[PDB]
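This document opens with one chain alone, in structure tokens, the form deposited in one PDB entry.
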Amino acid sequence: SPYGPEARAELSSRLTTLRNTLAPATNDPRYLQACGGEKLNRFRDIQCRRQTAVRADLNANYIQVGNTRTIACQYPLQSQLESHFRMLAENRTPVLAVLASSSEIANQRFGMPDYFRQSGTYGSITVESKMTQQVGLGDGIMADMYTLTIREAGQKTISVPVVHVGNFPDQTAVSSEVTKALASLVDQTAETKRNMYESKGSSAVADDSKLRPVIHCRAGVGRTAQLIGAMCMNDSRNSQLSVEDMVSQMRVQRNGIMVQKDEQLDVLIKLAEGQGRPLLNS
């Protein structure tokens, strides 16, 4: 009954209502609007909540699901790379999880710059990419890891661990088992990096806006939301946080499309069921 079809339908009903409420109006005061004439949103209908926006020129949001703090964003546009790197550096990013596949990135029609597997200079910022380990996630899904060293005059140099799911499907959802494996890897990688900063007495530890895992796929609403849901379920502080809570929180803090597909929600529901976590709020 708590995970039966009627509970699942009720969850869907509540979430659909929320999506409708959060649909952007023309020049919606709730959503970030482009300044300067440059394209801001990769997709016109996938907008960035203004009050939680990380930077004025990025489609990117601070999200807190229960106690779990992250940043969710779109795959940055070519024009946005300098700002994106500055975000990554200023956040002292403990892990960047990229859920867009190599196939997607390679499709030049999609405008997804290969910004983390190659080195480059973007305005004032110089970035060096290095290959690190590779970790299997199940079902032949592979996480390729990198470190990005971000250098800029006047700024401290920051190295960001990257977890790239190079063969993450976009046509089908990955299983709860793959999702769990990915959440554990991303969490573990963030933990190691955050520990390093703690050991150096970094001032970023005291700052709520910093040390956030950064997660993006192509749009930052499907695969991204599925991962963030799994990560929040991995957080021992989040007992009794329901699936309704986690999805509504993602939606209010980014846009109404978070967890876009029923296929993705099914994964979150299965993970919740495995923990005996509630789907709905009383």
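In this text, residue numbers run from 1 along the sequence as written.
One more form of this protein exists, namely the form deposited with a partner chain bound; it is left out here, but the text below deals with it.
Annotated contacts: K156, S159 and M196 all touch the partner chain in the entry with it bound [non-hydrogen atom within 4.5 angstroms]. For the chain shown alone, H164 is not a contact residue for the partner chain in the entry with it bound, no non-hydrogen atom being within 4.5 angstroms. In the entry with it bound, the partner chain sits beyond 4.5 Å of every heavy atom of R86. Interface residue remark: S102 is not counted as part of the site for the partner chain in the entry with it bound, having no heavy atom within 4.5 Å. At the 4.5 Å threshold, heavy atoms of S124 stay clear of the partner chain in the entry with it bound, well away from it.
Stretch-level contact analysis of 72 to 80, 94 to 102, 112 to 120, 198 to 206 against the partner chain in the entry with it bound, using heavy atoms and a 4.5 Å limit, identifies 198 to 206.
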